[PDB]
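1. here is the sequence, then the experimental structure:
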Amino acid sequence: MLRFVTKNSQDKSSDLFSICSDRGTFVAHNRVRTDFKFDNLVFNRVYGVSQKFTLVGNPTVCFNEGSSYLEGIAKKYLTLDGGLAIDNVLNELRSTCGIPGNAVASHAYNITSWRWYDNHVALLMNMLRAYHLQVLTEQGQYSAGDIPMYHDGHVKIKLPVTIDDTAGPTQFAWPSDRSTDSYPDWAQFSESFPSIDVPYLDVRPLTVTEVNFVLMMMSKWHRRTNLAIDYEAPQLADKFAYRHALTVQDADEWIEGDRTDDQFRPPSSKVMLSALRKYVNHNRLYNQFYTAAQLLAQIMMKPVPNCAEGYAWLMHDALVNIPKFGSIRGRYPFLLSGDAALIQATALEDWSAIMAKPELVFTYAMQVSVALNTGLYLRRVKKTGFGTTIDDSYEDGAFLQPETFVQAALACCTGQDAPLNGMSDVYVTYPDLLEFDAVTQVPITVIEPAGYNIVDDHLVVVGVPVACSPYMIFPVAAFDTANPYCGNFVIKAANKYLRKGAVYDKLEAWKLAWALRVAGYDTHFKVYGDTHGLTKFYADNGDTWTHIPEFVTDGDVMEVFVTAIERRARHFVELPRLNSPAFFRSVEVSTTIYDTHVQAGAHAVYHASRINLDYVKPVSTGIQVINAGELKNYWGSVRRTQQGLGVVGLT
Amino acid sequence: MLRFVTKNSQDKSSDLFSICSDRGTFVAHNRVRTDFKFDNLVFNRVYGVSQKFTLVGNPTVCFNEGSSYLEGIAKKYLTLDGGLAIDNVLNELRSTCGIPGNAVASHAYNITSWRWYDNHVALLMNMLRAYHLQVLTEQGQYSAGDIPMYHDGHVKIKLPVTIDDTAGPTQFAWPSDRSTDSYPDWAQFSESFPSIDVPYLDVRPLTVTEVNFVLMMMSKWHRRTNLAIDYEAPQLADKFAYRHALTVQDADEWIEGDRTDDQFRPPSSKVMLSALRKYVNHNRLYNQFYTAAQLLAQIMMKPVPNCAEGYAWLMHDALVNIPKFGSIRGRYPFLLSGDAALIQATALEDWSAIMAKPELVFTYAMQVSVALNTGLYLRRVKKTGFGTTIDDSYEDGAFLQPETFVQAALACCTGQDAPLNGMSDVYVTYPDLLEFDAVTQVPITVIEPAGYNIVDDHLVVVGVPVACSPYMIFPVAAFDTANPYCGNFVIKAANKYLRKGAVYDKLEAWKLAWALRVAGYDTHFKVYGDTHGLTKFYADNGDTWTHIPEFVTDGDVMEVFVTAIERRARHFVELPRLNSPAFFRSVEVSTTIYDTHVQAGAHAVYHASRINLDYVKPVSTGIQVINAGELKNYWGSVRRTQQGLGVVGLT
Amino acid sequence: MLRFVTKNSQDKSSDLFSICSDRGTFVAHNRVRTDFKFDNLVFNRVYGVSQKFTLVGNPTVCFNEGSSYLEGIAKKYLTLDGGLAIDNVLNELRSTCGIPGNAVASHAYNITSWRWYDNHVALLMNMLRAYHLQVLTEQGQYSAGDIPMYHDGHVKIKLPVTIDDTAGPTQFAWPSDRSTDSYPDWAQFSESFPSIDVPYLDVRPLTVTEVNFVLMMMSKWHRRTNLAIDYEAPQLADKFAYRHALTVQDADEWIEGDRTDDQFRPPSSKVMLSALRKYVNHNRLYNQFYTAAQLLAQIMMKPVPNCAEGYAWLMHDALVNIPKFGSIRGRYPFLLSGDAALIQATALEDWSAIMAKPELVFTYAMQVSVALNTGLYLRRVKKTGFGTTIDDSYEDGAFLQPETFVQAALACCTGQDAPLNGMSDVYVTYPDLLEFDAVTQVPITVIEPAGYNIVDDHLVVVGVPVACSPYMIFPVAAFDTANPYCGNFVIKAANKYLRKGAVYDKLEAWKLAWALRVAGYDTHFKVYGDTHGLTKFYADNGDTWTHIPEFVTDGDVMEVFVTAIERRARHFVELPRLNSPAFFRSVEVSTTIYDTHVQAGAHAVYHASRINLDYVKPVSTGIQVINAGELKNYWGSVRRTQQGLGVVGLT
C-alpha cells in the first residue's frame, strides 16, 4: 500500500494530504507544463488542472464469517502455522501462574468444542472510519454529504441522495443510537483463563476513555450521513468480555440513561487514533489492521466526472465483504506476550507509516479511486487490442476473483503492482459492472439535441466511464507506447495522406488530438462506422484532458480519419496542420507536473504533506517479521506481465 | 548563504553592515569615479550614488507541517542509509527506567515513539527576528514602518500603511499581549520516560532569562509594526514540556498581575542571540537554523524604488510558508549525546559565520532584495531576449516552484549559484508574478502626463520594475555583454547617421544614454510606435541610473532613435557630439568605487565591519559533517547555464 | 577521580589532607624554590607560598527524576543490560522460598505498572556531607561559616552572607527540624516480596544506630550554616520501607517528642562513615556512590582570591542537578545476593580508596576548585589564540553540555583527563558564566583612585577571575609551551630591541615578568591599546604569582612593550635587564615544590597524609567488574587533544 503510493511519484518525494470535504466533495489542482518540439524549436505552456472527488457513496457492506488469524500472538503459544498451541497454554497455566492441576484439567475439558475465531477487521474498520468522521467534525467539515450537479449547456444532472445535507447533523455523534436499539453484553475480565466461548478483547494498556470508544465502536453503527465510509453496520458482538486493569462505567451510564449526551461525547481524533494505535500495537493485529485500512480506503471516495456519461460511475455502489468480529487475544493474560508471530513485513511497513501519517490512507484511497475507474475503463479499450501488444481477455480474467478484482483494475492501468488485502473472502467489488455490455441509466434534464442517448429523461451508458484525470498519478501510462498518460510522446507521420485530411491508427489519432487540443486546436474526425456520439475530439476545461474516443472501444475499426483541424478560441502554441504532407513535422510533447495541491470548498487550501521514509522505519523488536506469505490468504500484489496480469507473491 | 554574499571567497575579505532604519528605511551610499577614455585621454568624475531600502512589508505567512529533520541527534541512532534506528533508541530506555523486560518499547511507542515530527524553524525564526527588532530598540530606532513617497516633478506616489508611525511604539515589547490572548501550556519535565505525545525541547544549559525568552518566543506573536520581519504569528505549540534542571516561572508571573510589565521587559539582543546560539548548539539544529535564517533574510527588507515606474513591485507581499513547530530533542537526554549526525557543511559555515557576525544576515538579505528584484526583471528579457530568440529555449521553468523561485531570480541576474532553502515545502515567494509577463497597477496622483500611460490614477506595468541600483553587488554580471551592471563598457557609434544622426541598437542607446546622463547630458530619443509619451531617457538623482525602457524590451523595436543629446542643468566632464558623425570617437567607460557605507535616518554613519573567512572556520570536532546531500530536502543551488538555468545539487 | 588526584603529583607520592576550617576558611602553604641559570650560573630562591580557600557557599541544588540504575544487583536477576529480570525474580519466589503459585501469580499481577526507579545518589550525598559536618564538629571547627574580607590599601570588600557565624551553632545537629516539619513514613520490612511501589531500602547488615542515621538523612535537610556542602534539601521520600532484621524505634521516639534532644544526638563520624560504607557495600551502589562523592566534591569549596577582581568568583553560585531518591534493593531479600553486576572498575577503585581515606574527597575537591577556576579563566585567554597551537571555540564547545561542563574546565587547564560523573542529567555548573562577556557586580569600599572599575560602590568584572594559585597542582601547565604554570621555562630574546625597552609576544612578556618579579624586580609595560587597568605586571605576596595580564585576554593585540624594569624593595637574584640587546642572556628558571601543607586558623597545622596504592586495592570477590562503559551514562573522562578537548571512553 505505502510502497505503492510512493511508486506513483516515481519515488520522487510523495506529497500526500489528509481528509477534507465541502458537503461531500473536494478538488485537486496541479500546475502542469507541456512542451512542443520540432526542428529544435521548443514551446512550453503552463496551465491549471483540477479534478474533484466525492466522499459520498452508499456501499453495500456484507458481513460473513471469515478465517481465524492468530498471526500476532506469541510464538510460544502457536504452532509452526496459524494453529493455536493449546497444550502449551494449558501447561503455562499450571506452571507459571497459580492454578491447580484439577482446575486446569477441568477447564481443558470445557474448552473442548470451542471455536477459536479471531477477526478484528470489522472493529478496526469502525475505529478507523469513525476517526475520519471525527477529523471532519473537528475541522468543521462534517455534514450530511451531497453530490455535485453536472450542468454543461446541453443538459443538467443532479444525482439523488437519500439524506438532506442541509437539515442534517454538523457533529459526528456516536453511531449507536440511544434508546432505539439494544446493546452488546460487555464485561471486564481479569481472570487467568476463559470461562466462555464469547469474544475476549484485550485493552489492558488502553486508557479508560479510549476503552469506552472501543466499546462504542463494538456496538451498533448507524449510517447518519451519505459518505461512503459511513456505511451502516450491526453490533460486532452480541456479548463479550474485555481484559483491562479495571471495570469501566463511563459508557455504561450513557446507555443506562443517567449520563448526559453531553457528558459522554465522541473523543477527539487524537485519542481515537491513540486507542487504535494502542490496540493494534498491543494485540499485534498489524496484519489484520492492514486488511481493514486497505478495504476502507478502497471505498473511501469516488472521483467526480466532467461529463454526463462519466456520471454512471457514481451511479453504482461497491459490494464489500467484511468478516464477522472475533476475539481471543483477551482470553489469556499471556497471549500477547513474548514475541509477535507471523507478522508481515509489508503490514508493519505500512502500519507504522499510517500511524505517523494517517493522511496516507486518505491519499492512498484517492489514488486508488482514480486508478480504479481508469483501469476499469482501460479494460474495455485494452481488450480492443488498443495499444496492447499483449493479447488477453481482460473481460473475464482477473475481475472474476473478488479479492483480486479491484487490484486487477489498478495494475491494468498503473502498470505497477496492486497490493492485495492479505486475507480471504474479503473485498470491494462492482459485480454488476463485470459485464462489458453492462448498461447504466442516468437521470438527465435534457436541454439540448447535441445528442447523447435518450429515453424517458435518462441517458444510456455502457461499461466504465472515464471520469477522473490521470494527474493524481501523472506518471501512469495505461499503455506500452508513448501517449498522453505517458511522460511524453511524439506525433508521427499519418501513415496515409490525401486531399481532405489524413488517416491514422486508433492510437496515433488520439495521441495527436490530445496534444493538439492542449495546443489550442480542435480536432475533427470521421470514421467508417457510426456510434460516435459526435465529430470532434472531446476534451474539457479544468484538466484539459482529451478523453480517449469512445468509438475506438468498439473493435474492427482500426483506423480513424482526422479532418479539419482549426485553432480554438484560446490559442497557445502555434503548430503545423500535421495532417498535411507538407506542413508536417515530427513533434515531441512532454508534460510534467510542477506543483500539486488540494482545496475543499472555497477557502480551504491544503499544502502537500511530506513523509521521510528513513524516519518512518518499523520496529522489529519483539516481532517475528516474515517476508514470505502464501497466496491463499492473498499476500502479495498482482501485476501486468508480458504474459498478462496475474497474481504474484510479495517477496 | 555565506558563500553567496562574499563571492565564494574572492580576494577573500568582506565588509558588511547591520540593521538600522529611519522609520523603516535606510540608504546604501556609494562613492564612485566613472572614466571617459577617448582621444587617448581619460576624463572622469566622482559622485554620490545612494539607494534607499525599506524594511517595511506585510508578508502573508502561513504555517503547516514540513518533513521532520532529525539531523540534530546522535550518530548512534541516525544513519545516512540506515536512516532512523528506532529499535536502537527503545533498546536504551530498557536499562534506564522502571520498565520490566519487553513491556518497555511497546509502552514507549504507543505514546510518543511513533511521531518524531521534529522541526525548530518557527521558533528559531522568532528568536532571530525578535533579536533584529530588539537591536533597533537598543540603537534607538524601533519605530513603525513607513513607505517613503515618490515625487518626480511629475506624478507622486504614496502607499497605505495599516498602522501609523509617529503615534506608534518606540520600544520592541513582547509579541504576546497579556490580558488579551491565551498561552501555551508548558512545564519542566525530567522523567526518563515521557508520558505524553507532545513537543519536548531541550534548554537545560540555558540560563533562566534565556529560557524565559524561549517560552516568550514560543508564545503567540503579535505584529505591532509594518516591518516585514514582524510577521504576525500564533503560538508554535498549544502545549509542551522543556528539559531543564530548574522550573522557570518569571514568565508565568508576568502572565498575571503578579509580575509587573516593567520588571520583565525583553532581554538585550546580546542575551537573545547568546540564548539562541546555545539552543541551536545544544540540540544541534545547525541545518534547521540555516534555513530559518534564510527565509527571514529573503523577506527582510525591500529596495526603495528610485523610479515611479518601479513602485509597483513594492506593494507585492511575498507569500511565505514556514513549517509547523515540532520538537524531538527534549524527549530524552541520551538523544543529544555524541557526534551530531548528518550536518551540512554549508549550514555549519553559515552558523559559524552568522553567530560570530550576525550582521551578515542583514547585509545578505539586502543583496537578495535587489538581486531578486533585478533577476525578476531580467527573466522578462532573458526569455525573450529583446525579441531575438523565437522559441522558449531559455528554460526558466524553475521559476514555477515556490522554493526555487527566489533563488532563480538571483541566479538570473548574477552568475552566482543561488543558495537553496535547505528544507522542503518551505519558502518565500510572490505567486502573483509566476508569469513573467505579469501586469500590475499603481495608485497615482497627477502632475503633467508624459510617457506615463496611466489609467484613471492607475499606472500599468509589466513583469517587474527596476526599483534600484547595482553597486552593493556591483561587479554584477547580468548581461553576457559589457554594460553598466558589468562595471565597464564602450561606445561604438550609430549604425547609420541621419539628419540628427540618431541610430542605435536598443541597448546601445541605453548604454550611451546611461553614460551621457552621468557626464551631464540627458539624451532624447524617438520611436514611431507607442512611446506612450516617452521622448527621453529617465534618471533619478539619488540613484543616477538610466533604465532600459519597457519599449527596449517590448520586442517590437530593435533600432533606436537618439534625436539629440542636451546639456543638463548640472554639467560634469565634457564631451563631443557623438550622436553625429565627424565628432564621434568611441569612449571606454569604467566606473570604480572609492568608498561604500550605509547610513539610516540621518545622524552618525556606519562603516562596514569586514568579515574574513578562516576565523569563522567551524570546528568539526564531535560532529558528523556532510558535504553532499540529496535534492529532495532541497540542498544545492539554482544555477545559470547556456540554455537558461536549472536546479543543481551541492554535490 | 583517584587516578586524577594522583596524576597531579606526577604520581610521585600524593600528599592529601582532611577537612578543616576556621569560620569557613583555610590556607595551604608550599616551600618552593626557583632557579635562575645563565652562562652556567645558578641562583636558587626559596620562599613561602600560600593560598586560602572557603567551604562557604550557597549552591542552588535542584532535584529532578533521573534514570534507574540497577547496576549493583545480582547478575541472576538482571538482563544483559540494566533491565530487571522480573521473570527470574518471580520464579525465585516460588522455587527457592515458600510461596504458593497463586500467591506469586497475584503479586505479579499487582506488580504490573510499577516503575522500578533506583537512585540513591541523593541520600548518599547527605550521609557523606553530614559526615564532613560531623567531622568538623568533632574537631571543634563547626561554625556558621563566613567569607574573608579583602582589603589591600586602595579598597576593602566583605562579601555579605545571610547567617552570622558568631551567634550560630557550634554543634552539628540533625538537619531535620524538630516540630517544624513533617516526616517520611518509614517502616521495617521483612517480607519475601514488595506490597507497595514505595521505595525499599536495604540495611539488614547495618547497626541499629547506623540505621537511625540513614532514616535521619532520609528525612528533611535544613541548611543551618553557610558552608556549600550544607545545602538545604527536602525529605528524599514521603514514605518508604526498610529491610532489616528488626524494627527500629530510637529515632521514632525523638520525633514523637518522648526522646530527649540529648538522648538522641548525631553519631560520630566513624559510625557515620561505617553506616555509609556498610550501606554502599551491601547494596553495591559503588557506581552510584561514585557519582555522589563526585558531585559533592565539585561544590565542596572555592579558593579565595588576593585581588578585588577575583572576588567575582565567590559572587556566583553553582547550579547542581541531583536525581530524586529511589530504592528497590530492599524490595527483595535476595536482590543484593549472588554476584554484583555492572560495577565499574573506576568506581570500585575510587570507592575503596575513599573508604580507607575519606580525606581523598576533600583533597580532590580542593584540587578541582582551583583547577576549575583556572581552567575557566584560561578559557578566555586560550580562545585568544594565546599559547594555543590548537584553534577552537572554547567559548561554546564543551561548556554547553551540563555533565561535561565542569570537566572541560579542568582538562582545559590541567591538560589531563577530567573524570565524568558516571550518570546522566547530574552535574554542577555555572550557567550565568558560560558567557565570555558575562559581567559581575562586586560591592567594594573605595579607598583609592588607583583605578579599577567603579559604579555605585561596586566594581565591574568580566568572565572568570584568576583567584587561586597553581601551587595546589604545581605540575599543571595551561599551555603547550614552557611557562610559569610549567615546571620550567627559558626567557628568550625579545624579538625586537630599541631605546626605551623591548617588544615581546603576549606570552614571552608574561613568561619574563613572572620570573622577573619572583627575582625581585617590577616589570612595567605599555601596549598599543587601553583597557589595562594599569601599567606594571601585578603579582601579590603570599604566593608571589605574577598573574597573566588581563589586556592579553583581548585579542588582536599580539605584542606587548615592556619598559623600565626596576628592582623591587626586597631583592633576591640579581639579573640582566634582559630587555637590553647587550645585557641580555638566555635564562632558564625552574620552580619546584619541596614541601606542602595546610593550616586552618592560627593553631591548626595539618601534615600531608600518604596513601599506599598497593594496599588500597579493591575487592573483586562477588563483583562483576566491567572496564568498559558507554558515554550516554557518561562513563569516561574528557581530555584536551590535538584536535581539541572532547569526551572519550574510560577504557
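-> It's in. Numbering: from 1, shown residues only, chains lettered A, B, ... in the order given.
2. what's the first-to-last distance across stretch A:78-90?
-> End-to-end distance for stretch A:78-90, by CA to CA, to the nearest Å: 12 Å.
3. now swap in stretch A:430-448 and tell me
-> End-to-end for stretch A:430-448, by CA to CA: 32 Å.
4. could you tell me how far it lies from the centre of the chain?
-> 22 Å (CA atoms, centre = their mean, to the nearest Å).
5. what do you get for stretch A:282-300?
-> Using CA atoms, centre = their mean, the offset of stretch A:282-300 from its chain centre is 12 Å.
6. list the buried residues in that stretch.
-> A:282-300 (16 or more other CB atoms under 10 Å in any protein chain shown). For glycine as for every other residue, the C-beta is placed from the backbone atoms N, C-alpha and C.
7. wondering if that stretch reaches chain C at all.
-> No. Against chain C, stretch A:282-300 shows no contacts by CB under 8 Å from any CB of the partner chain, the least distance being 13.7 Å.
8. number of nearby residues for residue A:62?
-> 9 (other CB atoms under 10 Å in any protein chain shown).
9. so it sits against residue A:320, correct?
-> Yes. Counting by CB atoms under 8 Å, residue A:62 does reach residue A:320; the two are 6.8 Å apart.
10. OK, now which residue of chain A is nearest to chain B?
-> residue A:614 (2.8 Å; CB to the nearest CB).
11. not counting its neighbours along the chain, what's nearest that residue?
-> residue B:83 (2.8 Å; CB to CB, 6 or more residues apart in numbering or on different chains).
12. how much space between the one you found and residue B:342?
-> 10 Å (CB to CB, to the nearest Å).
13. looking at those two, which one has more neighbours?
-> Neighbours were counted for residue B:83 and for residue B:342 using other CB under 10 Å; residue B:342 has more, 19 against 16.
14. doesn't that one belong to a strand?
-> Yes. According to DSSP: H, G, I helix; E, B strand; the rest coil, the state of residue B:342 is that of a strand.
15. what is the end-to-end distance of stretch A:375-393?
-> 14 Å.
16. check which residues of that stretch are buried.
-> A:375-384, A:386-388.
17. who's in contact with that stretch?
-> A:394-395, A:399, A:408-414, A:430, A:433, A:436, A:463-466, A:478-481, A:483, A:506-507, A:548, A:552-555, A:640, A:642-645 (CB atoms under 8 Å, 6 or more residues apart in numbering or on different chains).
18. again, but for stretch A:613-629
-> Contacts for stretch A:613-629 (CB under 8 Å, 6+ apart): A:6, A:75, A:284, A:338-345, A:348-349, A:351-353, A:356-357, A:422, A:635-636, A:649-651, B:68, B:70, B:83-87, B:90-91, B:102, B:105-106, B:109, B:113, B:116.
19. mind checking the end-to-end distance for it?
-> 23 Å.
20. for stretch A:67-74, same thing?
-> The first-to-last residue distance of stretch A:67-74 comes to 19 Å (CA to CA).
21. would that stretch count as contacting chain B?
-> No. Judged by CB under 8 Å from any CB, stretch A:67-74 stays clear of chain B, getting no closer than 10.7 Å.
22. what are the boundaries of the helices in chain A?
-> Per DSSP state H, chain A carries helices over the ranges A:2-5, A:86-95, A:101-110, A:121-138, A:208-217, A:252-256, A:269-282, A:286-298, A:345-356, A:359-382, A:402-414, A:506-518.
23. could I get the ones you listed in JSON lines, plus columns for distance to residue C:179?
-> Compiled in JSON lines, the helices of chain A are given as follows (distance: least, CB to CB, whole Å):
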{"stretch": "helix A:2-5", "distance to residue C:179": "67"}
{"stretch": "helix A:86-95", "distance to residue C:179": "56"}
{"stretch": "helix A:101-110", "distance to residue C:179": "57"}
{"stretch": "helix A:121-138", "distance to residue C:179": "56"}
{"stretch": "helix A:208-217", "distance to residue C:179": "43"}
{"stretch": "helix A:252-256", "distance to residue C:179": "48"}
{"stretch": "helix A:269-282", "distance to residue C:179": "48"}
{"stretch": "helix A:286-298", "distance to residue C:179": "61"}
{"stretch": "helix A:345-356", "distance to residue C:179": "56"}
{"stretch": "helix A:359-382", "distance to residue C:179": "63"}
{"stretch": "helix A:402-414", "distance to residue C:179": "79"}
{"stretch": "helix A:506-518", "distance to residue C:179": "92"}
